[PDB]
Amino acid sequence: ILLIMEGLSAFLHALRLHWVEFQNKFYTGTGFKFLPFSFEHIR
Amino acid sequence: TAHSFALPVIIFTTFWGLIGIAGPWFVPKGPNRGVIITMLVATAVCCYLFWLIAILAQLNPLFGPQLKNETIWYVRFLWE
Amino acid sequence: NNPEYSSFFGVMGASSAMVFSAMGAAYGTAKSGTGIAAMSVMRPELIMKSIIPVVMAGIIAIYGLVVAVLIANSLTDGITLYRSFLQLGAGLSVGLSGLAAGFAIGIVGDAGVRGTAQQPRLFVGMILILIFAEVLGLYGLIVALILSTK
Amino acid sequence: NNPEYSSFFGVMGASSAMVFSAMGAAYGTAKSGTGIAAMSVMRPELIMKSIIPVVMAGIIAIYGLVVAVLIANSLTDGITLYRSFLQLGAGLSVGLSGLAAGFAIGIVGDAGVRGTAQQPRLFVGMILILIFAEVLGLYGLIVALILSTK
Amino acid sequence: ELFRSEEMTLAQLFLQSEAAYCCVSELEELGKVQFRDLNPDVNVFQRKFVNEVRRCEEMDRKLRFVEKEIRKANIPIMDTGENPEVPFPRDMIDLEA
Amino acid sequence: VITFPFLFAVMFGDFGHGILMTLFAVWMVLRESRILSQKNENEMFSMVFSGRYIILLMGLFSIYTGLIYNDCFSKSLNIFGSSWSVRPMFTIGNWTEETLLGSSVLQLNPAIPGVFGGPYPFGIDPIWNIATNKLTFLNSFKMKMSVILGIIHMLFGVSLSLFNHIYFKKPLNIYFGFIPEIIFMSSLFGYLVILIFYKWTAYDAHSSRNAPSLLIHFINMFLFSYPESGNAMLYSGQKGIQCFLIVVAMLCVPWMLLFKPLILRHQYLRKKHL
Amino acid sequence: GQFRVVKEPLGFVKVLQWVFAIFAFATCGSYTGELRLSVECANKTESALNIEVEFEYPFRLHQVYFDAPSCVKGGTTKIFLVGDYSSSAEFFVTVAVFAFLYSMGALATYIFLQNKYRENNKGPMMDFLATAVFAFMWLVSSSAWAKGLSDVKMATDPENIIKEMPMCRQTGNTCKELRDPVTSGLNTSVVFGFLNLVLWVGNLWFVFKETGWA
Amino acid sequence: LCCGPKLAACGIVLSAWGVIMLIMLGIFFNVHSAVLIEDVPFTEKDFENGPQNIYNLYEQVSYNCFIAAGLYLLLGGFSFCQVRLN
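The rules behind each value
Residues numbered from 1 in each chain as written, not as in the entry; some residues may be left out. Chains lettered and ligands numbered in written order. Part of a larger assembly, values for the part shown. Heavy atoms only, no water. Residues with missing side-chain atoms left out of burial classes, pairs and counts. Helix = DSSP H or I, 4+ residues; strand = E, 2+ residues; numbered from the N terminus. Rg over C-alpha atoms; globule rule 2.2 N^0.38 Å. Contact = heavy atoms within 4.5 Å. Pairing = 2+ DSSP bridges. Axes fitted to C-alpha atoms, helices over the stretch in contact; angles between N-to-C directions. Parallel < 35°, antiparallel > 145°, perpendicular 65-115°, else oblique. Nonpolar A, V, L, I, M, F, W, Y, C, P; charged D, E, K, R; others polar. Left-handed = near helix turned anticlockwise from the far one by under 90°.

Peer 1: Residues and numbers for the overall build of chain A, please.
Peer 2: The helix and strand inventory of chain A stands at 1 helix and 0 strands. Based on the C-alpha atoms only, the size of chain A along its principal axes is roughly 45 × 30 × 10 Å.

Peer 1: Can you tell me about the overall build of chain E, naming the residues and giving the values?
Peer 2: What chain E contains, in helices and strands, is 3 helices and 0 strands. Secondary structure of chain E in N-to-C order comes out as α-α-α. In terms of overall size, chain E is more extended than a compact globule, its C-alpha atoms giving a radius of gyration of 18 Å where 97 residues would be expected to give roughly 13 Å. For chain E, the spread of C-alpha atoms along the three principal axes comes to 50 × 40 × 25 Å.

Peer 1: Residue-level account of the interface of chain B and chain F, with values.
Peer 2: Facing 23 residues of chain B, the contacting portion of chain F comprises 29 residues. If one sorts the elements of the side of chain B that touches chain F by residue count, helix α3 (residues 33-56) of chain B sits on top with 6 residues.

Peer 1: Describe the pairing of strand β1 (residues 32-40) of chain G, and please don't skip the residues or the numbers.
Peer 2: Residues and elements named next belong to chain G. With 7 bridges connecting them, β1 and strand β2 (residues 48-56) associate as antiparallel partners. Looking at the pairing, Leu35 lines up with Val53 of β2. In the sheet, β1 pairs with strand β5 (residues 174-179) via 5 bridges, with the strands oriented antiparallel. In the sheet register, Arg36 faces β5, and the bridge partner there is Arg179.

Peer 1: So what's going on with the sheet that holds β1(G)? Residues and values would help.
Peer 2: Residues and elements named next belong to chain G. On the basis of which strands lie adjacent, the open sheet formed by 3 strands has the order β2-β1-β5 and antiparallel pairing. If you trace the sheet from one side to the other, it starts and ends with β2 and β5, each paired once. Averaged over all adjacent pairs, the angle separating strand axes in this sheet is 25°, with direction ignored.

Peer 1: A description of the arrangement of the chains should follow, citing residues and the corresponding values.
Peer 2: Looking at the 7 pairs of chains with contacts, the pair that accumulates the most is chains B and F. There is no contact between chain C and chain E; across them, the least C-alpha separation is 22 Å. Contact between chain C and chain G is absent, and the least distance between their C-alpha atoms amounts to 32 Å.

Peer 1: With reference to specific residues and values, describe the packing of helix α1 (residues 6-39) of chain D against helix α3 (residues 52-74) of chain D.
Peer 2: All names here are of chain D. The geometry of α1 relative to α3 is characterised by a closest axis approach of 7 Å and an angle of 175° between their N-to-C directions. Between α1 and α3, the interaxial angle falls into the category roughly antiparallel. On α3, the residues that touch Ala14, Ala17, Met18, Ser21, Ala25, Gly28, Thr29 and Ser32 of α1 are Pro53, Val54, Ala57, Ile60, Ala61, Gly64, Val67, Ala68 and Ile71. In terms of residue class, the contact of α1 with α3 is made up of 12 nonpolar, 5 polar and no charged.

Peer 1: Tell me about the pairing of strand β4 (residues 76-80) of chain G, and please be specific about residues and values.
Peer 2: Residues and elements named next belong to chain G. Sheet topology note: the strand β3 (residues 65-69)/β4 ladder contains 5 bridges and is antiparallel. Following the sheet pairing, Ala68 is matched in β4 by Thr77. In sequence, β3 turns back onto β4 through a hairpin of 6 residues, with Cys71 there showing a positive phi of about 70°.

Peer 1: Break down the packing of helix α6 (residues 122-156) of chain G against helix α9 (residues 184-210) of chain G for me, with residues and values.
Peer 2: Residues and elements named next belong to chain G. Orientation of α6 relative to α9, taken along the N-to-C sense of each, is 160°, at an axis distance of 8 Å. As the angle between them shows, α6 and α9 are arranged roughly antiparallel. As α6 packs across α9, the resulting crossing turns out to be left-handed. Across the interface between the two elements, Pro124, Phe128, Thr131, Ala135, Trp138 and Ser142 from α6 touch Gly193, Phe194, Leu197, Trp200, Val201, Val207 and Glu210 from α9. Residue classes in the contact of α6 with α9 are distributed as 9 nonpolar, 3 polar and 1 charged.

Peer 1: I'd like to hear about unusual backbone geometry, residue by residue, with values.
Peer 2: Its identity is not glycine, yet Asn60(B) carries a phi of approximately 45°, on the positive side. If you check the backbone angles, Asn70(F) has positive phi at about 60° while not being a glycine. Relative to the assigned elements, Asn70(F) resides in the loop between α5 (52-68) and α6 (87-92).

Peer 1: Requested: an account of the environment of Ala205(F), with residues and values cited.
Peer 2: For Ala205(F), the position within the fold is in the loop between α9 (171-202) and α10 (214-223). Sequence spacing of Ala205(F) and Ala111(F) is 94 residues, and the spatial spacing of their C-alpha atoms is 5.1 Å. Discounting chain neighbours no more than four positions away, the residues touching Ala205(F) are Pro61(B), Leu62(B), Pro110(F) and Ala111(F).

In structure tokens:
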């Protein structure tokens, strides 16, 4: 109840704070991800 | 019970201030330098403010705890 | 000089706390369950990742039980009218909060688990929405314990 | 001195503030969640940004909670009927205003996400309408706080 | 540093057709560049090197078939750790054969 | 990297549960190589492992915050001793075995000088964890704390926009955004911050019967409705300053709103066009 | 057998550091103190002639209690001493325990492992460091513990107790001391603490030869 | 006796946590700290004579904690045996 469920709840709500209340102030977050030709084909 | 609002504030203020101000001068050069110094400064700020607010919550208390007669009887013996 | 009829409200607080949270949990289990049953025919590997909403409805139920049992323990034969009304307030708060939160949990789980069946990426969105729902039951619990303990 | 039943309306206010606003938040959560789970199928990249309606809906619940706990700490055994009436008014204000807000957020978000799945530009207008929806809950908080404080 | 995001910029390259493959293979070894598409106006299967991708797809299909045969059978597959760059020379066709 | 563990710890604040989270975090972190090699399809487990470092910092900060709350599985740690005391009530006050018999929950009060020897040096005093009135103190403290933390966090956020606008060389952004925006913040909610600190410095036990209330003062300040009755002003001349802050805040909305469209009309509909 | 190594006088400095703090721990962690007095109320039938109380070396004095006749109606009311000094007592006695254990380990190394001990004078260096650690701990603990013992004597004074008691404060009543506790063991403990401090300090100069840094 | 390695691992972790927590609880109960008062099976008659009685019941609960910590020690050894058996 507490460690997994309540912990997960607090986890996501803190994420929510940083996302919504905090980052709206300074952060744009509309750019492309840089994913170069980095021999990722190892998978 | 010598719980002054003098010594704890100096000790913990200087503790977190050292962490957040002097440590960055001792961190070596490196790529992780940025996140490391940020960790030091932000940790100092946040923890110090947390403890400060917690103790000032008790400075000049406005109302007292309400306790069962059982615990009052026991504490009268137990505590100073 | 405590009216004997006053104690009724504390019993009703306990009842409400149990029953309304129970109905919310029941609906939440029900809709999520029908969703799970529908999904399982096509994507059985998702059963355990999809039962989570049922667990969350269970958490709504446990919230109801906690508040109800606390109210019961606080009850007494000459309970004052003030305290009894406090217990009724706690009971209604938690019970109806659980009802609403369970409705949300059930509908969200149904729609979501179905959504994941066709699009597994949605799982994260599900779990986020489900916890946001369960948070309503958390608020009910908060208020309920505050009133029940004052 | 004061009538003994006064506390009943105080606890009713305390409950109402949380319960009705919570019902509104629950409905908003549900509708927005179904919309999210629908839109995810075609445009799975938009789910996190598009959760903003559920994020906004939970705020109605926050409002309900704050008014509830404020009424709670204001309550005591001997309040005058005048004060109990103010508490009831504050609770009903925030709760039912939040219910109206929650219907607004639920409908607007449900429509908005589905539309955005076909037209990403809508997102901004969705946010605008959602703000115009939350402000209803906010006004309920303003009136409830004024009343409860008086 | 992490203090703020990266300072990315645009660029372009001229090279002789033959050396294009080897040089971009060295850029794949490096890994610090991201390539654009200079002919989106028509499908990738209608560019200068259609057959080259067609045969790589088919060869990987056949390698998946033999790998499936391997998994059905009991022989392992060697995770030797070597990850060489594919030769540009027409030894490509030897590998094909 | 820090503040997310921070706020999650404000929420999850518990010494013991922080121990458990840190234990799980390390159990993952030390074996990360084995997990990375022998990865599996469990999506939830894999995502948590991905988040292990976040979980580690999260657990450490929950440890710190739980100690500050004086909470270890909801219980206190007792090490530094209680600031509250009991006997000085019997001595200076008027408690008697009769009172301990006839009032199940009695009370305690800081007014008489013998009871309280100053705030607990680190965290909240252990007595609250057993005191029935625990909620009255803890709710007010945690409410008003969450307030201070959130507003300071938001001011930090506002500040973070200046370093964007500087590099992007957006003087209009700076001038008619940040500055007005940050003034509106500091004036309205930063001022509530100032008051929440001030109260703890201004009033005490002997003020308890009459201490004012920040909700009422703030709402009156928004209303321009300062009464001459009820609880008194917090400090001398408060009316002028509070009216000034409200006027500044209400002007900030016009200040940010109107000028930038006007300035853009000027430079991109009169200039570049005349 | 390198028993001769400990037969050297430096070995004897360690033997001193090992008999001391052993007898200091023994003298401190076995003490019990007793107080007694007499209270004679206006109504002689309400007097308590041979009041008693007892306490121990952790000295949680505020926990130490007794009930005295309240000088009215023969009823007794309860009484507590002032303060505690565990913060000094337990720290000091635990220091006494630790120091001799380390000295024992060192002494074994002296019996058996000299050629490893002086390996690049590593043994001299580490022994000097541990000597310094114990010297600092002895210094601080001894100072705080003398302060304690003094405050404790003042707190337990039967005369101070009687003064703080209201019986003499209440009219028409006479009270006096009956017993004042002894403190020879604790006096010995603190004296041994200062002696340990000086011994460990001088061991720094001694091992300054063995490190070669003198 | 035998069981699946994951269940055995859960057993060992559970046993270790039990030992540590109950050692803490027993330590503080034997110290008689107020923080744990309500868990003491005290009786109304006890609050007349003096606090020694409540000390002894505190110690009863402390011993009981130490006993359960012992059962957890046995369980931990058992589960470790099974883990290494697998």
